[PDB]
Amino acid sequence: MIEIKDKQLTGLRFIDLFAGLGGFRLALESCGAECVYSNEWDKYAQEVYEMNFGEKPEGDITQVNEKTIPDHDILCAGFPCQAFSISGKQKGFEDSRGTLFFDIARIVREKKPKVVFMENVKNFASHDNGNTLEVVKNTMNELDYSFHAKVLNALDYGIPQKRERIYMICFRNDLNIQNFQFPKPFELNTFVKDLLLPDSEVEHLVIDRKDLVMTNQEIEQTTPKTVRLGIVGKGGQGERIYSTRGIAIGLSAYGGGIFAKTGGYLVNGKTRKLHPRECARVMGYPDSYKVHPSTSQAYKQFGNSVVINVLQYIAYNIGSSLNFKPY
């Protein structure tokens, strides 16, 4: 993550729904905002959250009385995406994990915060012929909010990972916010090899598959894209190897394969998956962030997380817009 000198959100309260690792909390706090409530039902996610923020998020949001939630200015929610991912069955609102947005709507209807800041996977924008995005838009508008949605790729904001997500920012209409803008992209100057730990710390992550098929030559010149160098098995998810001179393949929460969750990388002549700390770095988390003791759970958490830097730029812009109140 980056340093934010002008605290655009100082004095503003926000809630951390579907908290996870608390990526929204890190981003919003770096801009000066104060967290007044967090909710996350996964046991291990609650543990890592408490380990880093000192509080256990409340459980199952579908069972929380929206009226009990503290007053706040900004509602943050990177709600579940398994039901909208191209990797899944895409059942959307017909999936038990695909109706959480309506819980958000229920909370917004009651608390009416100045801003609703949501995030989901890129495919969310075109899921079900775009009908899914339209439902969220209509819902937000009927709740009396504007709706700004855009798919952003982490590689355009200083993070060496090809991770496209949709970001949805909504302003309460009475605020008359007319100048919100999504961050403008900038040249990437960091690559996977720049975030790697020393070899002595990741020997256990080395995988030697005798069915490895190198499909391309390694590159010496860094590039802002994923560069596949080979495959293992049938080359399915988790069986693909990339160059550390390019950017990271998108981390996964429920992904499989011998290189599950992180994908494989060619490092000093060997093929290995990433270490939880390297996953934290490709997601923009500071090295001071404490990862969950269970590597399996840590990989899951990071594969579900938000890219901090991207949220920081957006949060800064949200604050910038809220602060422009000329006579």
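Just count from 1 along the sequence shown to find any residue number.
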Which is higher on average in the deposited entry, the C-alpha temperature factors of 94-102 or of 115-123? 94-102
Test of understanding: from the entry's C-alpha B-factors, which stretch has the higher mean, 143-151 or 241-249? 143-151
In terms of CA temperature factor as recorded, identify the highest of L196, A83, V227, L175. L175
Among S30, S288, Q63, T295 - the residue whose C-alpha B-factor is largest in the record: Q63
Determine, from the deposited record, the chain-internal third of the Cα B-factor for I169: lowest, middle or highest. middle
According to the PDB entry, is the CA B factor of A19 in the bottom, middle or top third of its chain, that is, lowest, middle or highest? lowest
In terms of the CA temperature factor given in the entry, to which third of its chain does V192 belong: lowest, middle or highest? lowest
Using the temperature factors of the C-alpha atoms in this entry, rank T68 within its chain: lowest, middle or highest third. highest
Lowest, middle or highest third: where is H275 by Cα B-factor in its chain? lowest
